[PDB]
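> Need a 3D model of the sequence below.
(one chain, ligands or ions: 1)
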Amino acid sequence: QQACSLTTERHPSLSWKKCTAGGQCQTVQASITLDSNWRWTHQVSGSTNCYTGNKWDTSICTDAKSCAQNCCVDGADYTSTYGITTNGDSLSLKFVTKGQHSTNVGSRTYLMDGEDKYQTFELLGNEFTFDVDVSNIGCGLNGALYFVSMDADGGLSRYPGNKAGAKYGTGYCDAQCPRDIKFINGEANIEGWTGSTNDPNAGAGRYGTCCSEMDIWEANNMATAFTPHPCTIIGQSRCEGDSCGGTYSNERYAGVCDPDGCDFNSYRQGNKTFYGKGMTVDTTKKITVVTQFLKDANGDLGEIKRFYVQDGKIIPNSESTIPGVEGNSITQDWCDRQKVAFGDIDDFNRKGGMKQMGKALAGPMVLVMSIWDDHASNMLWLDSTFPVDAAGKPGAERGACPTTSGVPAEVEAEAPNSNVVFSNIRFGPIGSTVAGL
Ligand SMILES: *[C@@H]1O[C@H](CO)[C@@H](O)[C@H](O)[C@H]1NC(C)=O
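Numbering: from 1, shown residues only. What follows is the structure:
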């Protein structure tokens, strides 16, 4: 896609902390950008749209290549259109934002390093910490903070049809190989584009976009999970149709990425009252979330550890109480055993497991912060029983939300002003980001 400026693009400012041995930190003045899927997409000459509602203008976009060369994404009205606001070290994402002419649902944002590049993070051997307020996001919603192996320039140098780049939030990929992404590989994903059956603003195209994903935080006030997803191709790759994998079909595991990941959700792992509203990690108030990425003796990713801080108390991660699945952290052996115990296909191991994840963690990953609902599964995989059939067994119940929850139309009508606030990002070597740790 090209970039236009009918709307001046001003990345909202956000500071974060880069920490070093002993807990010294320096404040970095930075900013955020909106993902290209949410932007106004129109002809470079016109303001004639290339995409409206959930449909490409096929009288304008006649092929994937020319569509991206002749259409641009434009700047974003962060506050008024998207309900995206910052205040110092804090980023607030509102769920539904109604304007004069239209209503926006959800957002996905990236941390920037200057105007034209994403701030990359090399997680292996390091510790990523942030504060979060999930009190106002409930069943069926996800306020996510996570890492993906996107290109730092959003694909600008790899793909000549992409002139917008990281400045305009291009180049998204994740371990679900999503096919709803409008520009992939500098080409418009117009081929066989199918309007969503339930989302008036989304559709799905011929191609999907895959890459390694480390889900530090997929959460609402009822459930949270941290989940590495390895991919046999580390960085951003395009996949074709059903070979993509990542949906709930027979072809789920056919793509290069593990769409399930090896997940640690304390509720799912047998501690139903560790995390949630009124629980030990109490989602009705601000939480500090610490995630450490430990190397083994060979320098590979050996362990992923989680600690919380709330009201000054350091809370280690809940131990898993699932028989044969001992420990309060993610390791290869833990994952092997968890998959057996839950009866789940071990695609984590098949796609290279902890070691392959560590290959992505050793290199640059991009910080993603988003608020979204789930038109495919209603977020039941996060906070309810999933799949719905499987009710009475280890692994089935991931949170206390009823299986009625998460239908996008319902949550959008009943909780439009839902929001998540991410704040006080600190990143550095293990032991540098938080005192008493
Ligand atoms: C379950 O969480 C509680 C806090 O609610 C904690 O005291 C306990 O150690 C946890 N169980 C396990 C097995 O870690």
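> Quick one: name the residues of this structure near the ligand.
271, 273-274, 280, 318-319, 321 (Cβ under 6 Å from any ligand atom). C-betas here are computed from N, CA, C, even on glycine.
> Which residue is the nearest non-sequential neighbour of residue 146?
Take residue 146 and drop its neighbours on the chain: the residue closest to it by Cβ to Cβ, 6 or more residues apart in numbering is residue 215, 4.5 Å away.
> before we move on, back to that, just the ones of the residues of the chain next to the ligand in helices?
Among the residues of the chain next to the ligand, DSSP state H puts none in helices.
> As TSV, the residues you listed with neighbour count would be great.
Shown next, in TSV, are the residues of the chain next to the ligand (neighbours: other Cβ atoms under 10 Å):
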residue	neighbour count
271	19
273	13
274	20
280	15
318	22
319	16
321	13
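> Taking these, tell me the two that lie furthest apart.
The distance between the two most remote of the residues of the chain next to the ligand (Cβ to Cβ) is 14.5 Å, for 280 and 321.
> and the residue most central in space within the chain, what does it touch?
The centroid of the chain falls nearest to residue 146 when counting by Cα atoms, centre = their mean (4.8 Å). Contacts for residue 146 were tallied using Cβ atoms under 8 Å, 6 or more residues apart in numbering; they are 174, 213-218, 367-368.
> Pick the one among those closest to residue 293.
residue 214 (8.2 Å).
> thought the closest one was touching residue 123?
Yes - contact status for residue 214 versus residue 123: in contact at 6.5 Å, counting by Cβ atoms under 8 Å.
> and the two? which has more neighbours close in?
residue 214 (28 against 24; other Cβ atoms under 10 Å).
> what's the distance between that one and residue 386?
Residue 214 sits 21 Å away from residue 386, going by Cβ to Cβ, to the nearest Å.
> what about the strands in the stretch 251-400 of the chain?
275-276, 281-282, 287-295, 301-310, 313-316, 365-373 (DSSP state E, counting those that start in this stretch).
> Just name the most buried of these.
Mean neighbour count (mean count of other Cβ atoms under 10 Å) peaks for strand 275-276 among the strands of the stretch 251-400 of the chain, with a mean of 25.
> which residues touch the residue nearest to residue 146?
Here residue 215 is in contact with 144, 146-147, 225-229, 261 (Cβ under 8 Å, 6+ apart).
> could these go into CSV alongside secondary structure?
Converted to CSV, the contacts of residue 215 look like this (DSSP: H, G, I helix; E, B strand; the rest coil):
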residue, secondary structure
144, strand
146, strand
147, strand
225, strand
226, strand
227, strand
228, strand
229, strand
261, coil
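> May I see these organised as JSON lines, with distance to residue 302 added?
Formatted as JSON lines, the contacts of residue 215 follow (distance: Cβ to Cβ, whole Å):
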{"residue": "144", "distance to residue 302": "25"}
{"residue": "146", "distance to residue 302": "21"}
{"residue": "147", "distance to residue 302": "18"}
{"residue": "225", "distance to residue 302": "20"}
{"residue": "226", "distance to residue 302": "16"}
{"residue": "227", "distance to residue 302": "17"}
{"residue": "228", "distance to residue 302": "12"}
{"residue": "229", "distance to residue 302": "17"}
{"residue": "261", "distance to residue 302": "17"}
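> In ChimeraX, how would I select the buried members of those?
Buried subset of the contacts of residue 215, written as a ChimeraX selection, criterion 16 or more other Cβ atoms under 10 Å:
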select :144,146,147,225,226,227,228,229,261
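> buried ones in the lengthiest helix in the chain?
Longest helix in the chain, counting residues (DSSP H): helix 332-342. For helix 332-342, burial by neighbour count (16+ other Cβ under 10 Å) applies to 332, 334-339, 341-342.
> Over to stretch 26-37?
For stretch 26-37, by 16+ other Cβ under 10 Å, it's 30-37.
> from those residues, which single one is nearest the ligand?
Lowest distance from the ligand to the buried residues of stretch 26-37 (Cβ to the nearest ligand atom) belongs to residue 32, with 33.7 Å.
> Right, and the ligand sits closest to which residue of the stretch 101-250 of the chain?
residue 224 (13.3 Å).
> Near that residue, how many other residues are there?
Count around residue 224 with other Cβ under 10 Å applied: 32.
> i'd like the first residue to be 13 from this point on
OK, 13 is where the count begins now, so the last one is residue 236.
> just to revisit the earlier point, the contacts of residue 158 in strands, which ones?
Members of the contacts of residue 158 lying in strands (criterion: DSSP state E): 225-230, 379-380.
> Mind picking the two most distant members of these?
Across the ones in strands among the contacts of residue 158, the longest distance by Cβ to Cβ is 14.3 Å; it joins 230 and 379.
> what are the bridge partners for residue 109, then?
residue 116 (DSSP bridges).
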